[PDB]
Structures are given as structure tokens and as C-alpha cells.
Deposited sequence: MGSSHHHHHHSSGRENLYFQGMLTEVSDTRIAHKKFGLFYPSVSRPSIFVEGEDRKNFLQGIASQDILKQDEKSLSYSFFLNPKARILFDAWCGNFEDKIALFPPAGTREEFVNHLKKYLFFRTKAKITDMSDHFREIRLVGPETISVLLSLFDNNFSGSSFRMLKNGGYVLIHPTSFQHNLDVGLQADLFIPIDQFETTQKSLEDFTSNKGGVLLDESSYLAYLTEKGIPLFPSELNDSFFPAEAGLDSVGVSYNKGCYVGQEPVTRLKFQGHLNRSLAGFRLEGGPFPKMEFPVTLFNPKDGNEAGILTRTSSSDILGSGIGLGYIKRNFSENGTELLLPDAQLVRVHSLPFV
């Protein structure tokens, strides 16, 4: 008998983002890494888990960068523009990500890497009216899984609407605005928000919104302890038809012959203290059943929610597990909202 009847006022404004749109200004944006040169495509194709060659001109693709054992080192959004490949690795990885690419940039490979991260400020949009907000600020047209250069400079990433376990997680757009145009774009967005009833999300409400959509993130759910298929992201981040790449054989073996021991799961719990990842225990025998990787409050669900990994024998919705202090968590369907 768990209390999932609560009022969690600190994240009540995700409701507006789910119905209209939410605006978020990250403190640390994803880096903006560009790859140029005659061998840029072959170079990146051999290290990304995604098929970069097949990708069209204004398309966006998700990829992992794996180690040789197929554990996740990074994720990135990947776009093409002119004779360049644009890569957006996770926030705070600009040096480590560039070093990882240079590890595979061998003698006489015709590719060059440039870090353009200080040229842009990131603004994020979420929710059903995201395209209408873009159409107001900018000209031409927009759709899911797209990568566009803005006429003024800068870029727009519109994520695919399907993400973990091919679930529809709604619209998400990332705007990389040239520094000198930032304060103007911000003023334009504040007017649009106030007039059209969207909401300015703070970091805790932005994270609650993403957790309500079941979205796994680097470094909590996506890191070198896990495989892309464990994370529910091999359908959007891995190609099983492409040629040689780092981690390909273990990725493929897991898929066709191996057995997935654990999988990304949603959790519901009652009502900052916990040290993540937290071990989850089976109440019957006290054995390890999974791990909880992050939590948020959800006013919509009236309880805490979280993401993590569940062993196969406990994956059914409604399965009850224990935290180390014996608070109960219940496996829940994704997305939560």
C-alpha cells in the first residue's frame, strides 16, 4: 500500500510543458564538434555505432560511441552540413569526446576535428507546440529527426519522436544560437512564452519532464557499465546492417545469440539524500534485482519516479523491489506521462 496520491508543487509546471511547450536554458550545453576532410565519413563510420553514410543531408541521427566490449562511452546527435559532420556529445565531455575521436584518427587519415562550442548558446524546447515556436522565430519548415543550419548562423536539432524502447517521447528541439544573437533570441522566446502560454523550466522541472517521458540520459543511465540494448536504445542508436565499427561484434552477438539480462525500467516511489546508482533488492530472498540510476518528483503521478535497470525475472509492471533502507519501489510502464 504505497502513497501515490501526493502533491509535488516544485515540478507542477511540467504539466504546461506536456500540454503546450517548455523552454530550458542549460547551464552547460552539449559541445559542438565538427569533422571535416575527405575521409571524414569512413573515419566516423568505423567508430560510431550508427550508420553515418546512409544518413541524408538535413537528417539527424542518434549514435553511441562504444568501447571494444560494446559498453557505452558517449552518445551523440549527428548531422551533416556542407562538407562537414556535426557531432553533439554529452554536456561536459568536449575534451574527453575529442580525445576519443583522436584516438582513432590514424596516420595520414584525411579528417580534421574542430571544437566550435564557444560559438553557440544552447536553448531547448520540449512539448507538442515546439514546431510552432520554431516557425515563429525562423523561416521555412521543420519535422522530427532533422538537422538544419539557421540563415543567421547556428543550428537546430529536432530529435526523432521515438526514443527508448521505440516509445514516442514527444517533440524535443535543441537550438544552438550564435553568441551575438543569444540575448535577442532569449527576448523573442520570453515574449512568445508569455503570449502563447508555454513555461520557462528550471533544471529540476526540465529533468522531471524528461523522467516523465522515460528518457535515459548520459551519465546516469548511459555510461560504460551498460550496453545500448540494455538501455533500450539500440533501435535508434545502432545499425545492425553497417560495416566494421568499434564494439560491433559484441553488440551483434548480444542481439542474435546472447540474452539480455537487464533492461531499462521505470520505477514509482513515495514522495537529494540517496547516492546513485542505488541497488534494488528482491523482497523474497534479498538478492540484487536491479539498480535505480536517477529519480525525480512527478506532480502528475503524485509521487517520486525514476529510471534504472531491472533483471529479467523482475521486469513485469507492478513488481515490488526494495531499496537498501527498505523503502519500496514499484516497476512502472514508460513513459509515465
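- According to the record, C-alpha coordinates are lacking for deposited residues 1-15, 287-289.
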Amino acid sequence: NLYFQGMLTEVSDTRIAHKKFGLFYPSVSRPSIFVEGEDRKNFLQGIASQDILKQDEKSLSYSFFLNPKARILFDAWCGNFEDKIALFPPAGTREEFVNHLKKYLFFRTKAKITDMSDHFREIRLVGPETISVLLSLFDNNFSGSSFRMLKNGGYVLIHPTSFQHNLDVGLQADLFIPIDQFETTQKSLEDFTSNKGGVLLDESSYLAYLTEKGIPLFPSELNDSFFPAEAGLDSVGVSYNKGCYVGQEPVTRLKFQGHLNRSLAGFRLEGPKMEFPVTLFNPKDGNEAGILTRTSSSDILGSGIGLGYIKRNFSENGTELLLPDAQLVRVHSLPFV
From here on, numbers count along this sequence of modelled residues.
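- Relative to one another, 128-136 and 158-166 have unequal mean CA B-factors, and 128-136 is the one with the higher figure.
- Higher mean CA temperature factor between 78-86 and 218-226: 78-86, per the PDB entry.
- The top Cα temperature factor in the record, among 265, 189, 171, 246, falls on 189.
- For the set 117, 185, 211, 252, the PDB entry assigns the largest Cα B-factor to 185.
- Residue 52: CA B factor lies in the highest third for its chain, per the PDB record.
- Among the modelled residues of its chain, residue 237 has a C-alpha B-factor that falls in the lowest third according to the deposited record.
- Remark: residue 40 belongs to the middle third of its chain, ranked by C-alpha B-factor as recorded.
- For residue 196, the recorded CA temperature factor ranks within the highest third of the chain's modelled residues.
- Sorting the modelled residues of the chain by their CA temperature factor places residue 123 in the lowest third.
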